[PDB]
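Okay, structure first, notes after.
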Amino acid sequence: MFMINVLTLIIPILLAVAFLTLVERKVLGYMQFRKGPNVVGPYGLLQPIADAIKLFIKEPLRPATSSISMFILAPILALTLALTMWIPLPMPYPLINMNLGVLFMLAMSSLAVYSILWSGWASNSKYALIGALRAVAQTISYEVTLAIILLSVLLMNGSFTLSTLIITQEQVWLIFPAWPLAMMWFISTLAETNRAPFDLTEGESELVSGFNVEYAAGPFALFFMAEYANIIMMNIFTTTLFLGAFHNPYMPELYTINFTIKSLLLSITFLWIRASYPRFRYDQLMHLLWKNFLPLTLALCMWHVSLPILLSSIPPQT
Amino acid sequence: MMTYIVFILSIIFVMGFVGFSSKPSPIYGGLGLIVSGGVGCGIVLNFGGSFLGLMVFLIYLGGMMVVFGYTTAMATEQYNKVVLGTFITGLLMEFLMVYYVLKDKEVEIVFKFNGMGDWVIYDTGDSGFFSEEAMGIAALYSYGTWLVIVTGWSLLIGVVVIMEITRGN
Amino acid sequence: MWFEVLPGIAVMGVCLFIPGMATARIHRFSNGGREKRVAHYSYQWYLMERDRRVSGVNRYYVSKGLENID
Amino acid sequence: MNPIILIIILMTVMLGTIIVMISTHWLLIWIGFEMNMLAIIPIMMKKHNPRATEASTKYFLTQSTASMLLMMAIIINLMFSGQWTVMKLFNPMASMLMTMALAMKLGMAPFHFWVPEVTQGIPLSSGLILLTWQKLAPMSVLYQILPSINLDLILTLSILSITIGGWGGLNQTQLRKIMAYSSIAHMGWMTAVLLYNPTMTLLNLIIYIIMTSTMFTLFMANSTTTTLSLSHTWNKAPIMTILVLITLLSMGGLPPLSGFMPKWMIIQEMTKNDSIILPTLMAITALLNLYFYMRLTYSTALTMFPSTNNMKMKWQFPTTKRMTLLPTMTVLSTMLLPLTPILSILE
Amino acid sequence: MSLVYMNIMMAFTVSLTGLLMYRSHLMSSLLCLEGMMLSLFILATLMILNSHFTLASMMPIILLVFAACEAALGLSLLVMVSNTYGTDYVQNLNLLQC
Amino acid sequence: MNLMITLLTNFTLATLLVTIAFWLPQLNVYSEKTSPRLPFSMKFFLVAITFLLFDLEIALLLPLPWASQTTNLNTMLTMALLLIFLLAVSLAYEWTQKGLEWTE
Amino acid sequence: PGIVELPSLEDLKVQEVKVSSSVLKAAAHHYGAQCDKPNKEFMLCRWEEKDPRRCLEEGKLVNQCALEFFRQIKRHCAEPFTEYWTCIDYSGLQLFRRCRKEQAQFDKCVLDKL
Amino acid sequence: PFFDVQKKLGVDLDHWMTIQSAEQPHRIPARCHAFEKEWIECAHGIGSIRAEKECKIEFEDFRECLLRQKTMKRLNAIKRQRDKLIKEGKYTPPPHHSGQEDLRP
Amino acid sequence: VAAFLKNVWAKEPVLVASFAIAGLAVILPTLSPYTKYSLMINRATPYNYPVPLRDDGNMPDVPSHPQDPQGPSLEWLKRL
Amino acid sequence: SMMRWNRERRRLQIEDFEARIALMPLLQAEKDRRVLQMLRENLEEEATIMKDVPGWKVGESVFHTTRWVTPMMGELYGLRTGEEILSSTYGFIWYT
Ligand SMILES: CCCCCCCCCCCCCCCCCC(=O)OC[C@H](COP(=O)([O-])OCC[N+](C)(C)C)OC(=O)CCCCCCCCCCCCCCCCC
Ligand SMILES: CCCCCCCCCCCCCCCCCC(=O)OC[C@H](COP(=O)(O)OCCN)OC(=O)CCCCCCCCCCCCCCCCC
Ligand SMILES: CCCCCCCCCCCCCCCCCC(=O)OC[C@H](COP(=O)(O)OCCN)OC(=O)CCCCCCCCCCCCCCCCC
Ligand SMILES: CCCCCCCCCCCCCCCCCC(=O)OC[C@H](COP(=O)(O)OCCN)OC(=O)CCCCCCCCCCCCCCCCC
Ligand SMILES: CCCCCCCCCCCCCCCCCC(=O)OC[C@H](COP(=O)(O)OCCN)OC(=O)CCCCCCCCCCCCCCCCC
């Protein structure tokens, strides 16, 4: 009975990741004054299926790898972490109700850079490794503000428990006391998943994404679907964290409908940010972290430490 | 078998240490230390150190071993007898210790060791509406004042020291 | 026009609705028509194990009220 | 280096030493050693040449290994005592590991193999800090754990340190390696008397720090790192040859000088406890230390080695170095033997 | 005593004898040093959770923080050695024999 | 237990996807194709070390939502603002001594 | 060393309070209001003797006064109490704040009839 | 050179984490609080030399509380004899040691 | 000081908001009238058990029952 | 809004903790009789197992004191089945 619940978590994750590619190509189509796919299925609904079947019967590209073991383990680790980030998410009930779900998700997302690092090791090109080290330095840079913004918000929650964060936001959305934390959170999660305007691997400002370079890389579909699982998950986590919905304990479907609509709007906001801006240069998003976001994050961290003490609004532990 | 879960994770822990400590390459040594840190985190989690195990994942594996793999990637080159021989040496020493302490429920290498499952030594009471481990860690700010002062001073000095010795001038 | 993106958004929305609705219905099926007991603290687990021992069927979710006392 | 950053980093070295000296908890002892190493690493890399990076790497590896063995000894103590007070250790395995860790931190033999390399690789001021100030905190911990120190272990480390520091300096022509092997022999002398009377241990440590500070200050003021560069000192500043003469005669343990005071008090407190063979062999082994000290006095003060022509230009310039406390340290390293019962202030 | 303490101490000694027997790479030495720290972390944590000694729950965190700052210092030393000699080999650090 | 079952299930589904994605495109026999140190940067290593040290400072900051529940609130607030201030002072020394340059 | 002295299984026989935790938590405020004196005698004996073998008679008096409490609920207000602990019992955290009208009915009937 | 600055100035820098019987957050007892309190209140003031030979029983009870070596050795003896009697067939396990008796509360 | 403040607010407003939020976080709890109530609420939250006292004969402030008048009260917390 | 609502959450936490406090004497009485039940069962089965063993004191304390020592997990669940062992010794940790 529990394995049924695990599978009804993880298989609709993969189906939602499949149709996020359709939603991306359509919404980026209409924002670019064109259409997205509408030929392959009715209104494009067979495009993820056709594209997945195409990617699964396509040849392994040309080259060989430096390390077979890490070439195998990097997509395994990427997909495993991308699936385990969903199990403490209270929607309205988490699959694995743990006392430290926030800290669990922060730790498992900190583990996600090893897939990038091991895919940089496993490629033969010494330039793809440099691109991987740039990506690792980017992701570990924005994990700092993820941790401190998350701590500053949890000072109004009382615990690391994700299910308590529904109870915390019963009177107001938590974006009202913490909107600067919320906007730096949203941009930092955008910079976490290598998502535009922070996608330097998939774009220019890159020493190796330069057309007729070497570097045996993994099967693209696995890292791609791990990345879109991470995108939907970080938007659901932002929805739980700042825009927490009404929960009737006798009707859980009201909360599920409400957080689902908000998470869809927030993922479409990712789609609408990537179709609106040019890319940062690498030192420009290093600037944006280290000289812009981190001073405000430390200042608001001091503020959200000292603020429940001065307002007599310290939340309960339980 | 399932009452011996912390013991089996500790055997995987020692096997991973024999793995990376035999030193094939700093890349695979880093991988072995990652798998070892994960299973030792599971050992800590099965006593009720949930925060301390997530400190292992978030801090040890999350920051420090990421920086080790990062710095290895800048210092090694991507493309034996002694490594595999020392690996099977440590594996045979560990399994002979396992076999002795299992068939005898007793061993003495340096100290005397029980051979039963380490479930036996636990407490039989509750902690109420808190974790004792969480409250003891929370007391770093009310009881560990001097400890916070020296730790923050060492970390600030550490930032200063790294900027001195990597400057080259 | 722009309502052509709504079938894909609707399919993705149903796919996000399935996990939460699924875990709520499975928690109510596995726990006697009620919410799953949350035991974050050892007192909550103590009361839950006491419920499991007083229910007589080795199930914490079989509630015994005043009909169980004389 | 920025002088502000230099002053803050030296205050952090001193802070780690003070945290070891005042704290009653083993974690804070370990924290003090960590802070001390973390702050002294830039002092060793003050000049940024490959010998300083090699010396700092070797120092890091040895002190890191010793700090981890120290924490393992502390953890075995927490097993077998359930507490953390910095006092005697409640297990001979924890006592053995902590004595090994402090022997590695002091560079006593057979863990001595870093001290001449690291002392040669670093400047004279950082070598002075390493051979005087970095001896303070592990001797304080050994002063506190001595009800549990194994006697055979500490005396094996002591006599092996005295013998290897005697034979090591006989082959040397670099001054920093001579001072490092002198350090190994004198640390053997300090730890040999520790379980018998640790007040004489503190007396040996204080007289040693005075004399080593005198020799490193003379070597800084003359800018001499080798024997043969020290040999030109008579044609440059002849008073410096006199001062290095009397200080090397002091460190050899000759009366009426104050370097005779510690070894005479150590022999004095080891014969009380019915040990005769051991202070006699220690005293006879210190004649090797006296031999390479007399080699340096022959090369510097008692003969006149040939100089070169460019010394005539250096005749026209005075020393503008801050020879800080050099007359005070020269007087205290030589003329203190009439004040030998002053040692009771360390009781 | 308890059975898991044997394996955690034996893990410390395995990473010790790895750290005390270099092959070529200084990075593998630092990996063995932080494996020693990892085994010390687990051993201290199991004692403190087993004893219900509440205030020492902050002890392994202070151990982890100090020794990871120590590891950062060692990685910076390795980086300066690698910028000197091109590799991180411990047989390149032999200038101080004379 | 249910956590371990879920981790094993996620690891199994991930390994199954990886094994399919490597072995399913090997079904179609293809034409066998017969035709035919990295530079160090100090700034890349320095941003990783700056991450590590600020991450240790964050590891000090993580017990704050439990630390606000104490009865010694003035000491707790002092040490909390002091840790965040020392993180800011580490950032200011990293700023002003040209440490955040060309990866700003 | 010496032999540990344990009470017999006859001395551990008592009529238990075989209700669920939501039944206790629903009744806990009136139980703390009404069953004060044997409970505090027991907890004083328990923190002073530091031995559960010297506290068995006070434990039996606690276990008897609790039964008198629930019998006195059962004679007067069985149905509002049953509705109230069912509403407490639905919640996974057993919130008091989800159940204020059933608490109001139970407190009204308890204040009137008892 | 234990310069006892803490007792000189009256500051409490690290005496609070030093023992298990100290003041704990929310008055949480250590599992060997009484044994450590007995050993400390025995050994207080008389020095290490008198404390090792005059407070030996309190320290042995406290070490056996901490490590539980005699307890685990006693359970090993009972469990090995029980398994030998089960293999020889000369002993049956009771229903209350098999999960057949509807536990107490 | 008014020229410098407008200049740093024109050139580096992120740092001005940073130092302003940090300075308010420092000096504001000593000026707030509700900082007393944070301490009062944290010391009134009953984690442990209220281990009762042996009635020796002279404890006039200690109640005999929880609903007795004497003893510590939380009417300030119900009202605020 | 967070001020009003976290003050309400603190008052609700105090109400929950007072319910726990009002139930702690009954739970402590049941827990005391529980552990004395299990120790008496272990003592009787130790008396009927350890008969052939020479020089065995049944119920012998491993402590020199006559003070009550809080029982260990292995002292209570030592002779019972592995399922009850797991449910008592890893149950809260492995719970969900
Ligand atoms: C959760 C749901 C979503 C949340 C909202 C997010 C949706 C909107 C997203 C829009 C698209 C963004 C795409 C990526 C953009 C990245 C670039 C960018 O914005 O850089 C940030 C820029 C970077 O600066 P810059 O590069 O623009 O400016 C130049 C910077 N210097 C001078 C250093 C060269 O600004 C910030 O860093 C601002 C961060 C958040 C600010 C929070 C303000 C708090 C104010 C408090 C009061 C202040 C008054 C004074 C004190 C009073 C005290 C009482
Ligand atoms: C949680 C929700 C998840 C939802 C996932 C799916 C989203 C999209 C839903 C489907 C939308 C409509 C799809 C219509 C596809 C085309 C059907 C069709 O008729 O294709 C024509 C083709 C050839 O037919 P032919 O015989 O040549 O006709 C000539 C007529 N004189 O005929 C054929 O090719 C043969 C018939 C093929 C039919 C395919 C239908 C779609 C299958 C998709 C796979 C998933 C199914 C759902 C699983 C989850 C729900 C249970
Ligand atoms: C390259 C190798 C392969 C890579 C892919 C696969 C590995 C990587 C992805 C998996 C990572 C696993 C992380 C699992 C632990 C996370 C921390 C944790 O257990 O948190 C949940 C919870 C804490 O909450 P709390 O409520 O306080 O505790 C329950 C008490 N009521 O605590 C609990 O619920 C405790 C439950 C019991 C303890 C669980 C222990 C799990 C098994 C051991 C570790 C397994 C992973 C080892 C490898 C890691 C990566 C190398
Ligand atoms: C139980 C014991 C408790 C504790 C008791 C006290 C122990 C005292 C231990 C003393 C250890 C001293 C170590 C050396 C000083 C540390 C700071 C330092 O390095 O100062 C030297 C300074 C650096 O200048 P810089 O320019 O970097 O050097 C290159 C040359 N241009 O400047 C120079 O290089 C200029 C050259 C002269 C430097 C002379 C410094 C002498 C300092 C020591 C005095 C003697 C010790 C005190 C008296 C005895 C105490 C026991
Ligand atoms: C007192 C409370 C506690 C205070 C400590 C806590 C602070 C929390 C925030 C953390 C900030 C971390 C980073 C701080 C670095 C400061 C140094 C700095 O940034 O100087 C450089 C800057 C000019 O920037 P530049 O170097 O050119 O940058 C490249 C793009 N041009 O130079 C400048 O822009 C000038 C910077 C100094 C002047 C800022 C004045 C702000 C005033 C705000 C109102 C008053 C607030 C109270 C605090 C006192 C401020 C004087």
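Computed quantities for the displayed model
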quantity	calculated
Subset of the range E:48-63 (residues that are surrounded by fewer than 24 Cβ atoms within 10 Å (Cβ to Cβ), farther than 19 Å from B:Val150 by Cβ and more than 7 Å from chain B (Cβ to nearest Cβ))	E:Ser51
Qualifying helices (runs of 4 or more DSSP H) (wholly inside the range F:1-68; at least 1 residues being out of contact with any strand residue (DSSP E or B) (no Cβ under 6 Å at 6 or more places or on another chain) and more than 7 Å from every other protein chain (Cβ to nearest Cβ))	F:2-23, F:42-61
Answer residue from the range A:29-79, given it is over 27 Å from the mean Cα position of the chain (by Cα) and of a type in the set (A, V, I, L, M) and is nearest to ligand 5 (Cβ to nearest atom) among those	A:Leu61
Meets criteria (more than 30 Å from B:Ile149 (Cα to Cα) and of a type outside the set (A, V, I, L, M, F, W, C)) for H:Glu52	yes
Positions within the range B:40-88 being among the hydroxyl-bearing types (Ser, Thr, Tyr) and in a helix (DSSP H, G or I), in sequence order	B:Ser50, B:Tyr60, B:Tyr70, B:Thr71, B:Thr72, B:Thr86
Candidate set: the range I:18-30, residues that are more than 12 Å from ligand 1 (Cβ to nearest atom) and in contact with a helix residue (DSSP H, G or I) (Cβ under 8 Å, 6 or more places away or on another chain); chosen: the one nearest to the other protein chains (Cβ to nearest Cβ)	I:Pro29
Among the candidates A:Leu73, A:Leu46, A:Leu20, residue that is away from ligand 4 (no atom under 16 Å from the Cβ) and under 30 Å from C:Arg28 (Cβ atoms)	A:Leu20
Residue check, B:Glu94 of a type in the set (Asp, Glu) and either outside any helix (DSSP H, G or I) or at the interface with chain A (Cβ under 8 Å from one of its Cβ atoms) (or both)	no
Residue among I:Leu15, I:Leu39 that is surrounded by 11 or more Cβ atoms within 10 Å (Cβ to Cβ), within 11 Å of ligand 1 (Cβ to nearest atom) and of a type outside the set (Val, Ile, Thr)	I:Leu15
Positions within the range A:43-72 being touching a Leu at 6+ places or on another chain (Cβ under 8 Å), farther than 14 Å from A:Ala18 by Cβ and not in a loop (DSSP other than H, G, I, E, B), in sequence order	A:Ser69, A:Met70
Per-region count, the range B:114-169, residues acidic (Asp, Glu), surrounded by fewer than 21 Cβ atoms within 10 Å (Cβ to Cβ) and touching a helix residue (DSSP H, G or I) at 6+ places or on another chain (Cβ under 6 Å)	1
Which listed residue is in a loop (DSSP other than H, G, I, E, B) and either within 16 Å of ligand 2 (Cβ to nearest atom) or hydrophobic (A, V, I, L, M, F, W, C) (or both), from A:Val6, A:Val27, A:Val40	A:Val40
The range B:5-17 - residue that is within 7 Å of chain E (Cβ to nearest Cβ) and more than 13 Å from the chain's Cα centre (by Cα) and, of those, farthest from E:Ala11 (Cα to Cα)	B:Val6
Any hit, the range C:33-43, residues being assigned to a helix (DSSP H, G or I), more than 9 Å from the chain's Cα centre (by Cα) and away from ligand 2 (no atom under 16 Å from the Cβ)	yes
Test: I:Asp55 is loosely packed, with under 10 Cβ neighbours inside 10 Å, in a loop (DSSP other than H, G, I, E, B) and of a type in the set (D, E, K, R)	no
Residue within the range H:57-64 that is surrounded by fewer than 17 Cβ atoms within 10 Å (Cβ to Cβ) and either closer than 20 Å to D:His25 by Cβ or within 9 Å of chain D (Cβ to nearest Cβ) (or both) present	no
Odd one out for B:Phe130 among (1) more than 14 Å from chain J (Cβ to nearest Cβ); (2) not in a helix (DSSP H, G or I)	(1)
Identity of the residue in the range E:18-36, over 18 Å from B:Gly69 (Cα atoms) and at the interface with chain B (Cβ under 7 Å from one of its Cβ atoms), that ends up surrounded by the most Cβ atoms within 10 Å (Cβ to Cβ)	E:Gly18
Helices (runs of 4 or more DSSP H) enclosed by the range A:172-290 - at least 3 residues per element that are away from chain F (no Cβ under 14 Å) and either among the β-branched types (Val, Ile, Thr) or within 12 Å of ligand 1 (Cβ to nearest atom) (or both)	A:179-192, A:220-242, A:252-274
Subset of the range D:176-221 (residues that are β-branched (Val, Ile, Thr) and part of a helix (DSSP H, G or I))	D:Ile178, D:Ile184, D:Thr191, D:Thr199, D:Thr201, D:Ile206, D:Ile207, D:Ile209, D:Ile210, D:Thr212, D:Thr214, D:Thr217
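Conditions (1) within 30 Å of A:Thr168 (Cβ to Cβ); (2) within 14 Å of chain G (Cβ to nearest Cβ); (3) surrounded by fewer than 21 Cβ atoms within 10 Å (Cβ to Cβ), marked per residue:
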| site | (1), (2), (3) |
| --- | --- |
| J:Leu12 | yes, yes, yes |
| J:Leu26 | no, yes, no |
| J:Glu60 | no, yes, yes |
| J:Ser87 | no, no, yes |
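Let's see how each residue does on (1) facing chain J (nearest Cβ under 9 Å); (2) in a helix (DSSP H, G or I); (3) under 30 Å from J:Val58 (Cβ atoms):
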{"position": "G:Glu5", "(1), (2), (3)": "yes, no, yes"}
{"position": "G:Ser8", "(1), (2), (3)": "yes, no, yes"}
{"position": "G:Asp11", "(1), (2), (3)": "yes, no, yes"}
{"position": "G:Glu16", "(1), (2), (3)": "yes, no, yes"}
{"position": "G:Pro38", "(1), (2), (3)": "yes, yes, no"}
{"position": "G:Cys45", "(1), (2), (3)": "no, yes, yes"}
{"position": "G:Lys60", "(1), (2), (3)": "yes, yes, yes"}
{"position": "G:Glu79", "(1), (2), (3)": "no, yes, no"}
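Listed here are the residues, each with its yes/no results for (1) touching a helix residue (DSSP H, G or I) at 6+ places or on another chain (Cβ under 6 Å); (2) surrounded by fewer than 22 Cβ atoms within 10 Å (Cβ to Cβ); (3) outside any helix (DSSP H, G or I).
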| site | (1), (2), (3) |
| --- | --- |
| D:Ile7 | no, yes, no |
| D:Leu15 | no, yes, no |
| D:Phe80 | no, yes, no |
| D:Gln83 | no, no, yes |
| D:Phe90 | yes, yes, yes |
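Let's see how each residue does on (1) touching a strand residue (DSSP E or B) at 6+ places or on another chain (Cβ under 9 Å); (2) closer than 15 Å to J:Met72 by Cβ; (3) acidic (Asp, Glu); (4) assigned to a loop (DSSP other than H, G, I, E, B):
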residue: H:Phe35; (1), (2), (3), (4): no, yes, no, no
residue: H:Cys42; (1), (2), (3), (4): no, no, no, no
residue: H:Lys53; (1), (2), (3), (4): no, no, no, no
residue: H:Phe59; (1), (2), (3), (4): no, no, no, no
residue: H:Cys65; (1), (2), (3), (4): no, yes, no, no
residue: H:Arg74; (1), (2), (3), (4): yes, yes, no, no
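Note: ideal-geometry Cβ built from the backbone for every residue, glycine included; neighbour counts use all protein chains shown. Read-outs throughout are calculated quantities, based only on the coordinates presented, and are distinct from any laboratory measurement.
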